[PDB]
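Subsequent text provides structure tokens for two forms of one protein chain, presented individually as structure 1 and structure 2.
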Structure 1
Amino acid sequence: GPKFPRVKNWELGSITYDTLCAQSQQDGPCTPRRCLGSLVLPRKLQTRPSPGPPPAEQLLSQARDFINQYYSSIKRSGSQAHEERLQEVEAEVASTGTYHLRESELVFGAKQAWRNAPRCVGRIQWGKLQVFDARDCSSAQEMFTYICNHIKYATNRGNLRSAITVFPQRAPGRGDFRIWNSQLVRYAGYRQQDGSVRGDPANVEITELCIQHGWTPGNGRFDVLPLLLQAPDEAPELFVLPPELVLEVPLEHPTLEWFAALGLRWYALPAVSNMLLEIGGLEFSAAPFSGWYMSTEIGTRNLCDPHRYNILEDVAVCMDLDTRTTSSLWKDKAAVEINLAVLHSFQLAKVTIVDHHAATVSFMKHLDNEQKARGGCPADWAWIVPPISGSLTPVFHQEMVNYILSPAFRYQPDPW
């Protein structure tokens, strides 16, 4: 039939064709010889640092393309405003080598970048995003206020609201605005004498960076790390977040009275801060965004992963399961109760969270919406399916096509 990828849902037997991928202008890791689609960081979703400004011709084509998407989103394609804005963009690039976005253009691109994110299962909310323009920001101290305002608005005392704060874009012949941290709120990871790690092993390097930068450490599993904010050409400055600004949730179990005694907990606000936001060829090296958590990110990955908190065995012992044999499914049983504890704790603390069932069910609805809207939806299957109960969720049985659309959230090298 049609010349586009055929996609099937094995649960419903329904078929769809992805015409949207034809719009992709950025290559992926795969080739007809082999699939590199399971790699987290292939050198195809990562934007290396441009020490030199992008070739004026390449920037122009990305700019022209973005503007067209903008005017198209407002239904004025081919209009005088459209042709004038295009003229104004190449004019800017002509004399300055770069250009700047209008306010409403930034809002559009940021929402599109999220909408374009293949690894996000929460894209059904893509239209509801608070874009805080912080392109005026000129100091590391100002970055702190902006971030503090972001956390305040986004947190909204448990009734979380999606938001992003965009700092000045990459300017040739000038340093980047970078947030050294991976997320705004992160737990410290202390490298012990015996080699082990107290806290979160994932955050070991940054913790050692904060220390080297004057931070006076603690010695707990759940210590919130300070921010390491960097303004153009200046070394990073350290800023400590006010405790009242960081909402956390103490984990307890609905029935297992002893779970509370484990002293486990997690922060309520997930805010990625190390990713690059690329819009029309313009790069925004510092542009933290946040929304809310899906229960499995905390209860399964953060808490149960071998290279993270690794609490599966401890909880199994407390549940008195045969941890000596795999066929007892002690890992499956503890993980279930751990995920249930996260849900219960967040629901009790009136903080926003969504479980993996509801989450994926809403993504399917997002998929139908997008099929009608753009004729497809770029999705990364491995990241869309939850880390537990995979086939129990509707997305498992949904084939998916993955490709890179712009605007987009890309990975970038560490500033150090």
Structure 2
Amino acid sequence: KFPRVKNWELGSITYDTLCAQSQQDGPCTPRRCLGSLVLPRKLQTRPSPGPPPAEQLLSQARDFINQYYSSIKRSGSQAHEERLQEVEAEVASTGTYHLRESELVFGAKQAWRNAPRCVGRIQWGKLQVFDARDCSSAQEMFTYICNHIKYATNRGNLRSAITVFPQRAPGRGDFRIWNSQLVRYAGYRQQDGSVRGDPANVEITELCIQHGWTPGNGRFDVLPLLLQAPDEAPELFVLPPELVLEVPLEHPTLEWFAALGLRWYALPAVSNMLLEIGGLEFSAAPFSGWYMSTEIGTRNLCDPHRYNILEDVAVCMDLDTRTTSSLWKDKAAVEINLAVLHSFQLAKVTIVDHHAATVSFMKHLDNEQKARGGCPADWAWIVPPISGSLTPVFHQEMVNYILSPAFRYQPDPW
């Protein structure tokens, strides 16, 4: 019934009783495990042209409201009962309801806390929540986003934040941020099918040009935002350069590294995920924190389908790229990650290396074991892309399941 979770480095064991609280199904079954799949096959988020079953929504809303009053130690109180009646009354008459700002803040922090793929959850309690539900146009969306960015960047002393735009509504279009992140580098397809810039942003880069953007021709051209108000074509907005903090990359001892002209933005702000609280869905709720160095140094810069700079760096390090056994890729990867850490640290911009991050996550696991009797975690995403076993989480067994409030993937708006 309850999974026996073991840590192989310390020989310690714990039981996850929290997983019993899961109400949403994952992709696995006794016949086969599909935990390595990035996106769901069916756990997607189908349209909302029609109102969701009142009974279903109501049970989800009740659970959430129950969670909320439990957090403020007022479960069973008069306020708790009166709130349930309000939600009850509104759903029965309108088919939906609305959250009080206090509940929204609690819900956003809980969704982060429940995110199985995030290694930085020790920070879950520290999140600035901007209520943008009073937004009625793409222009206003742009203003909220600029304020979010300014606040979150804080001149290099990054502060986690989330801005919540209006919830989805039946038979009405969704408020959406087309870009997958608030700050992305353009990806331009060139003559021979190759790509200049970030190969992962080719499609979005094209949509931007398609919608009137005058494209650049560099390797790190910050993309403009395509923001969409309900049932309207997306509108193009260019982010004020002074709002986009970037860090020039250089190496602590390799004088030539800087000559590579590499750089990366300071703010990691996912903008394409859906936030679900008490059955309510927020199709546009950009969130941000700070980077873990491997995200930039290993994945963004070294992935084969990304900037793929491994060989360039290897050649500059005069390594033997003639064979795999020389481990030239491993050596280059380490120096690139070192350059990222050194540079962000030099530019006084918040960043965390994969060792510090995993160590804090182990602490989080312990805190959660005491607080809730478990912690949903997705091993493949918690263990860093390099030096996996050199970190504590590698040797820690984990249980993965879905708790709500939650952040979920949703279909591309186009």
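FYI, numbering is relative to structure 1, first residue = 1. Residues that one form lacks are left out of the comparison. Throughout, rigid core stands for the largest set of C-alpha atoms superposing within 1.5 Å between the two forms.
- When the two forms are superposed on their rigid core between structure 1 and structure 2, the C-alpha shift of 2 Å or more among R48, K350, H357, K365 belongs solely to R48.
- After superposing on the rigid core, the C-alpha of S138 is displaced by 0.6 Å between structure 1 and structure 2.
- Taking the core as the fixed frame between structure 1 and structure 2, we note the C-alpha of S79 moving 2.1 angstrom.
- Taking the core as reference, just one block of three or more adjacent residues between structure 1 and structure 2 has all its Cα positions offset by 2 Å or more: 42-51.
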